[PDB]
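Within every chain, numbering begins at 1; the chains are lettered A, B, ... in the order of the sequence lines, protein sequences first and strands thereafter. Because only heavy atoms are used, hydrogens play no part in the values below, and waters and symmetry mates are left out as well, while side chains stay in.
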There are 4 protein chains.
Amino acid sequence: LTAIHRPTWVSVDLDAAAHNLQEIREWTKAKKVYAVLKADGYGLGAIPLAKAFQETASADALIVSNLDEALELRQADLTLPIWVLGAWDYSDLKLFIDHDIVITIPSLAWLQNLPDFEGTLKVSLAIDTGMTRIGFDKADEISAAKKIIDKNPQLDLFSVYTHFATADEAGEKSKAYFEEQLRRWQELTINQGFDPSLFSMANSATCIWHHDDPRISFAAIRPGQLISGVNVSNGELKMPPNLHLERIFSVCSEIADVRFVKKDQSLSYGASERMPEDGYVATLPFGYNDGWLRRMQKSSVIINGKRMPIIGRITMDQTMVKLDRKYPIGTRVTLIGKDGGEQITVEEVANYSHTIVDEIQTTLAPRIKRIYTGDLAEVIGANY
Amino acid sequence: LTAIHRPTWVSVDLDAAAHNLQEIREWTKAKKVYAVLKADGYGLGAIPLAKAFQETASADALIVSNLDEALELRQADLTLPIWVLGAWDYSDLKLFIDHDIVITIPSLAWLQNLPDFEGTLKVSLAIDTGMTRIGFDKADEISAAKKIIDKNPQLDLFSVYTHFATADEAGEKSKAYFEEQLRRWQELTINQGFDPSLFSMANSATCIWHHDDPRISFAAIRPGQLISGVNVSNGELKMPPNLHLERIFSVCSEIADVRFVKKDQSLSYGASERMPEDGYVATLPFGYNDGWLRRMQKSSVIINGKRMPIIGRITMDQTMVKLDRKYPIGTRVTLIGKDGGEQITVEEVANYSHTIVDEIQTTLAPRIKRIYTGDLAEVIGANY
Amino acid sequence: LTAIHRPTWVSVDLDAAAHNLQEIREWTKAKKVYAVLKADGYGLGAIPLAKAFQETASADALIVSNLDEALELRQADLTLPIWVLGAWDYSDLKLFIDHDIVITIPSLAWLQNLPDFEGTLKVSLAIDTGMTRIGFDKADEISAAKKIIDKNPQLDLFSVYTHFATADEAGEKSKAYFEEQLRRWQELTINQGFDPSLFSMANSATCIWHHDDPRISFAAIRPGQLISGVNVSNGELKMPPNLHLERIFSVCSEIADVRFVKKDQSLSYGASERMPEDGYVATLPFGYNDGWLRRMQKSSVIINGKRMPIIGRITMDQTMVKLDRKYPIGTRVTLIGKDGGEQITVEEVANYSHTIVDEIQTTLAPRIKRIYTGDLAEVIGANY
Amino acid sequence: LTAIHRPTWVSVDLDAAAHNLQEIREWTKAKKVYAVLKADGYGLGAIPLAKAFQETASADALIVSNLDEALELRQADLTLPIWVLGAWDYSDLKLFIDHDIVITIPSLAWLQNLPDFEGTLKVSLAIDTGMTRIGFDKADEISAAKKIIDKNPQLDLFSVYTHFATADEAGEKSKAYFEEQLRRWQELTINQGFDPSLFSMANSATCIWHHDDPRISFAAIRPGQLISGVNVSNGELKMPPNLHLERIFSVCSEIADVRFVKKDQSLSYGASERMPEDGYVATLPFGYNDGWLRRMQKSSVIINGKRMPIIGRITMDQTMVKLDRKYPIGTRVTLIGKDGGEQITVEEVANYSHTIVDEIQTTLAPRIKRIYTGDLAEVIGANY
């Protein structure tokens with residue numbers, strides 16, 4: 001008799017995540033790849049994703065949104081450099097240095113008033129080319145800042161960076177905002193004398209749809225949302241056919257019950273539908289209780305590489321499938337999404353006088369466990 | 001200028017969890033305490049909870065629902081014995097032995113057909129006293145089984161155990177099911193000759209509301225849901241006043257904006273309400289986007305130990321509070337629940353011919369991060 | 001074989017609505033009763049409610065929120081005077097007069113600039129005693145206005161009126177706002193010379209919890225939400241024991257299937273629960289598809305005046321009940337609410353520079369039909 | 001100062017509904033048109049729809065799902081014949097006859113056991129050609145039944161009818177079920193001797209996608225869901241380009257506030273977005289409180305025939321729009337649907353031993369009022 005205490009789960013193939021970092025490297029001819037892992041790896045797991053990237057050498061740094069995620073990654077024996085995005089308290093200086101964490105330089109004032117400290121602090125200089133309040137938007141302030149950095153050998157400039165807000169939007173008003181931002185980048189950086197291997201310009205969207213524009217430096221790319229294999233444009237643009245990003249995640253379940261049901265028998269109590277032929281029917285332990293179900297098509301599932309049909313009434317915790325032959329209980333089932341490229345995260349920003357709130361959150365089956373598959377998963381110790 | 005990338009979170013005080021294991025030990029005069037951690041520590045975090053229990057010695061074993069959680073706990077350097085609840089595949093025998101995992105004996109057939117193996121396999125004998133299909137419901141089968149175990153010195157009997165389904169229900173039909181189950185336990189175990197220090201009878205509800213019944217052995221108690229400090233009876237029974245379980249979790253946020261708003265000014269665009277007096281108002285970065293909000297009272301929050309009122313219209317991501325003095329941005333806020341003892345998990349079971357599906361899931365703000373506070377948290381390396 | 005095309009419905013007893021108007025008349029010793037019917041009779045049906053009040057003489061006027069509801073009521077052969085609450089366009093003057101519709105005087109300017117017209121225009125003078133922007137808040141403007149009205153015999157003053165915002169709230173800050181408003185009423189109306197039989201002061205809450213305060217005139221009461229028999233205070237205050245308002249509505253369904261199920265048989269596919277005794281079980285055609293279900297207790301229903309228990313798993317469209325004897329299909333079932341006095345409407349207001357938005361909406365099973373029961377229902381032609 | 005007590009509504013153009021009945025008559029060369037009005041006119045209003053069809057002569061009968069809807073229609077002075085679909089109690093015989101209501105003959109037994117009665121009972125003979133349990137599936141029973149009818153001159157055969165379940169589905173398995181049903185119709189009706197002008201074969205889907213098949217009689221068509229102008233196939237099939245069904249309904253609102261907002265100003269508190277140019281912005285009194293909003297695109301609305309953009313954060317009750325010039329408050333706004341042809345009803349059926357539950361319900365903004373526009377609306381007295 002068998003007990004199923006894990007009837008559904010999100011299956012995450014870490015090989016495919018690695019592969020995605022590898023593809024987008026080749027697509028952009030990038031030197032360095034900085035893997036952006038916000039919201040616990042876009043709700044897929046930052047640690048396992050990070051370990052997979054360290055072992056395959058497919059990322060050269062990791063970017064995260066909170067100091068406490070940097071510290072946890074360090075605890076998990078990640079050794080790559082890590083860059084935390086919105087943290088720069090003078091009081092955390094010791095933590096940043098001791099744990100080799102890169103931080104963003106937010107303003108000229110911040111650099112001028114840097115207190116004294118031991119060791120090397122790795123810093124990134126953010127170029128406000130428009131749609132943000134973080135960092136530098138004046139050419140004279142940037143060179144003031146480059147002076148303070150150069151003069152101080154305890155400061156190690158990790159990156160001079162920006163990103164384009166409208167690379168993932170379609171149209172004309174957006175092509176022109178893109179140009180405007182690229183103008184500002186150049187106005188703000190040309191003739192400053194920056195070692196050009198420090199430039200980082202490309203977020204996911206920039207990497208995908210502007211890889212042939214020579215004006216964009218791919219010195220250090222910063223792929224985030226695209227790591228999961230989704231379409232970053234939310235419907236607006238089509239993925240380039242030549243770029244082969246793999247969708248890395250699936251929602252899965254398993255067969256909890258198999259019944260031989262005969263040619264005309266009723267499929268369930270109260271049911272409209274009868275069954276077309278002698279043959280087996282599987283009951284899967286999900287239904288309308290599962291809020292994630294409403295992003296899945298409800299006519300088919302995948303079992304054994306093949307696509308068998310959903311028949312009858314779905315209940316709160318039961319979905320039935322006509323099988324092609326008999327399968328044993330415990331056989332894996334994979335759900336199919338209405339839209340394969342649909343986002344798995346949502347972002348919410350708010351701007352106030354002295355504070356910017358930037359919250360990313362999962363929208364993929366938040367209440368079920370993440371399971372890691374594939375050879376890479378075995379090697380990093382995440383595949384039990 | 002400050003960036004808030006973590007505007008809300010669930011704060012989990014591990015000292016209070018420890019304290020709860022300690023209280024319920026004294027309440028039941030228990031010798032051994034086995035901490036039940038299903039659904040990732042009842043959605044609060046099994047690893048940090050387990051580490052807190054190992055360091056304080058407040059639990060002597062850990063019980064979990066899936067092998068893969070046992071393996072992860074082992075990876076996290078938990079050394080206490082661990083007992084996985086619904087796993088007993090002969091093919092996992094090696095894993096169980098090598099990682100010191102206790103398993104349940106599900107049936108006499110299973111014991112008779114045990115294959116050969118190396119090392120000591122730790123096993124638990126489950127007494128079906130009624131509301132379940134797992135384990136032994138016949139007095140002769142139990143003694144058959146005790147023979148096979150005794151004869152085999154590689155089998156180490158960890159527990160002989162049951163639990164009462166209706167300890168957490170109120171009434172007369174339920175007091176009698178309780179008696180019926182206790183009759184079966186005794187019919188099934190008296191005169192079997194079991195070392196009585198192996199008996200485990202008490203789930204959370206048994207521990208709470210039947211601690212004075214001498215007929216219940218508290219040799220090894222199995223507190224699960226009560227670890228979090230909630231009321232396990234879902235409204236039905238009142239917690240004993242003398243038992244002081246602490247609620248261990250809170251949903252928190254922080255002040256994102258403070259505005260001096262004057263005696264009659266409008267509080268927000270389109271708003272019914274004006275403000276009663278000269279004084280400060282804080283904007284908190286949550287609102288109706290947050291599904292967890294609907295379990296919280298919307299008239300007050302706690303700031304600085306004190307209880308300040310919510311004023312005006314709550315939006316999708318903004319809630320406003322009249323403060324007693326001025327506070328700086330970043331000041332912690334704690335939400336207050338409509339019902340402090342409300343459950344933080346939901347359980348769903350399904351029974352089929354050859355399989356039992358038992359799914360527990362969090363119902364507390366599944367999309368936000370768990371943060372660990374308190375001295376114990378510092379000591380186990382979970383408080384960054 | 002029988003077809004159920006109306007499996008659930010809201011049953012509205014018009015006798016009980018009448019009775020409620022009658023009770024609250026006696027409770028307040030009121031002379032005139034103006035029945036407030038917003039949001040289609042609080043989502044219970046303004047026309048049938050209005051006809052029931054005309055036939056029993058239990059209301060002397062009707063108040064509604066939109067001109068178009070006044071016009072419809074007129075079409076339905078309601079002859080009582082009707083007062084539309086937020087309409088006063090000079091262009092609708094003809095409609096108001098021809099259809100005997102009372103309108104509110106919103107401002108002194110409006111009265112001074114009244115154009116010329118034929119017939120008698122019935123008008124109400126609203127006293128802003130605080131929490132509103134409609135009508136008159138200055139003692140000199142009121143007497144200016146009484147002059148213009150008196151001088152013009154085509155204007156017929158129907159009411160001079162206000163209401164108290166905090167009669168339905170509990171506490172000290174609210175008892176004092178009540179006093180403040182009552183001060184303003186008196187400051188604004190004493191020594192103006194108004195025929196006192198025109199005063200209307202009491203909304204539902206004023207009628208219920210302040211019927212013994214001699215300072216409140218009950219000359220013409222304006223019961224609205226209380227007509228349905230709910231508690232207007234949303235939890236805050238307890239209904240006076242001596243006032244016997246009847247809850248007028250129920251959500252009902254009917255038995256769609258009866259099965260003899262035997263002493264141990266399984267109740268449904270996949271089900272935890274078996275059935276306690278030989279005896280009949282009814283299937284009711286509602287379940288979790290029905291959003292209204294989440295306001296109902298899910299342990300019992302009423303059949304035949306008696307209270308039979310709900311057993312087993314509720315599906316999307318099926319709920320099962322153990323019956324005491326056998327009943328025939330088509331037998332009525334009545335649902336029981338978690339909270340009998342719970343509101344059946346929600347109100348949303350917004351204030352802007354030149355406009356006030358005041359939206360009331362049903363929260364009781366908006367997608368199912370209203371059925372009218374009782375002798376009064378037969379008499380007014382609404383009980384088919 | 002203006003009060004908006006009706007901030008949103010569903011606008012229903014009755015001319016367009018008439019027009020749809022007219023089109024589908026010409027498309028199928030139909031003689032008689034029976035307008036199917038289930039679920040209160042598909043949640044758009046059966047009475048106003050019926051009156052519009054009587055006045056324009058665009059329907060020759062009306063079909064509804066409940067006796068009580070027939071009775072109400074009669075009360076509203078509809079004189080066309082009415083046919084109630086699942087009612088045939090011998091006890092209602094008097095009601096059916098006195099109110100000229102056609103009923104379905106459900107079985108040979110029912111006809112044989114007809115009791116004695118006065119007047120003419122109009123009856124319809126339903127041919128079970130497959131997917132139903134109502135009516136006749138045997139050739140000998142049909143001729144038995146035609147004998148009993150012919151012999152009795154108080155029975156007036158109104159229709160001999162069926163419909164095709166898979167006319168609104170796409171594919172091969174469905175083209176063949178269609179053929180199978182058409183085979184059964186013919187097997188069951190040819191050589192029976194029925195006056196062929198009594199045949200009714202075509203539901204909405206049959207009318208739309210099979211109008212050129214000569215094997216289908218369009219003697220009396222039964223258009224239901226298509227009356228509203230939606231796509232009956234739910235995505236599966238494309239409407240024929242030559243058939244010009246009009247969508248008859250809109251969700252509307254109105255401008256509650258207009259603000260001159262200047263070239264860079266912030267659009268709302270906490271807001272990411274600033275405004276591109278000097279110019280006016282309207283606030284509309286809907287937002288995420290409105291569950292219907294989630295079927296509407298949130299980038300544009302229609303004002304004055306033109307399409308102006310939605311800018312900024314939508315709140316619970318506020319949506320903002322950049323206008324092309326200044327408009328006055330009270331100006332109508334029309335929402336645009338993600339999918340113009342999307343269904344406005346959902347149907348749920350359940351089959352049990354002695355009963356069939358067939359529930360249709362609105363899915364279009366159930367809590368807001370239906371407003372009727374157009375010249376036809378004026379003429380039938382529904383446009384106030």
Side-chain angles (χ1 to χ4, degrees), chain B residues 20-38 53 57-63 80-83 85 102-106 122-132 134-143 145-146 149-150 155-169 174 176-227 232-233 237 239-240 242-243 245:
Chain B
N20 291 344
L21 283 197
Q22 287 156 357
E23 283 285 303
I24 202 66
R25 197 187 220 102
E26 299 165 44
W27 182 253
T28 71
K29 258 79 176 155
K31 286 322 193 311
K32 298 256 168 219
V33 171
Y34 303 169
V36 182
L37 288 184
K38 305 174 172 179
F53 301 150
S58 69
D60 314 287
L62 305 170
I63 310 178
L80 296 175
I82 289 144
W83 171 4
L85 276 184
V102 175
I103 70 176
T104 272
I105 303 184
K122 309 185 165 205
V123 296
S124 280
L125 193 66
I127 309 313
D128 182 5
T129 71
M131 203 78 116
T132 153
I134 318 177
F136 296 76
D137 64 0
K138 289 172 194 168
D140 58 327
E141 289 192 337
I142 291 152
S143 63
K146 185 183 191 308
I149 281 148
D150 283 343
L155 295 175
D156 173 3
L157 189 54
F158 182 81
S159 218
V160 178
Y161 79 100
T162 197
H163 68 106
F164 298 95
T166 59
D168 70 350
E169 291 172 26
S174 139
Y177 200 82
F178 187 97
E179 291 305 317
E180 183 178 341
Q181 289 199 284
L182 189 53
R183 153 125 126 120
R184 273 136 173 193
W185 167 257
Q186 293 173 353
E187 288 174 345
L188 285 170
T189 61
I190 301 259
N191 301 332
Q192 297 283 2
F194 280 124
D195 175 346
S197 56
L198 301 177
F199 286 148
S200 180
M201 291 183 77
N203 66 15
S204 278
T206 314
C207 290
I208 295 166
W209 294 286
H210 296 72
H211 73 139
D212 284 337
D213 188 354
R215 291 177 293 165
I216 309 295
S217 174
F218 297 100
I221 67 171
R222 283 188 265 131
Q225 290 196 233
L226 77 73
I227 290 170
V232 166
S233 73
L237 307 166
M239 291 288 299
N242 296 307
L243 182 71
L245 287 188

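Evaluation of the ring pair (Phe, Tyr, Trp, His ring centres under 6.0 Å) rule for B:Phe53 yields no partner, not counting sequence neighbours. In this structure, the salt bridge (charged side-chain N to carboxylate O under 4.0 Å, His left out) partners of B:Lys122, at least two apart in sequence or on a different chain, are B:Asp100. With sequence neighbours excluded, no residue forms a side chain to side chain donor-acceptor pair (under 3.5 Å) with B:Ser204.
Counting only residues at least two apart or on different chains, the salt bridge (charged side-chain N to carboxylate O under 4.0 Å, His left out) pairs with a member in residues 186-195 of chain B are B:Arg183-B:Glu187. Within the structure, salt bridge (charged side-chain N to carboxylate O under 4.0 Å, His left out) contacts touching residues 218-227 of chain B (residues at least two apart or in different chains) do not occur. Applying the salt bridge (charged side-chain N to carboxylate O under 4.0 Å, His left out) test to residues at least two apart or on different chains, the pairs with a partner in residues 199-214 of chain B are B:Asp213-B:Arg215.
Counting only heavy atoms from C-beta outward, the side chains of B:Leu182 and B:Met201 approach each other to under 4.5 Å.
Of the possible polar contacts, none joining the B:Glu141 side chain to the B:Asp137 backbone as a donor-acceptor pair under 3.5 Å is found. When atom types are taken as modelled, the side chain of B:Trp209 and the backbone of B:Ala167 share no donor-acceptor pair closer than 3.5 angstrom. Looking at B:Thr132, its side chain never comes within 3.5 Å of a backbone N or O of B:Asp128 through a donor-acceptor pair.
Ring pair B:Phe178/B:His210 is parallel by interplanar angle, where below 30° counts as parallel and above 60° as perpendicular.
The side-chain contact (heavy atoms from CB on, under 4.5 Å) with B:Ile208 is formed by just one residue from the set B:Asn203, B:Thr28, B:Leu226; it is B:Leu226.
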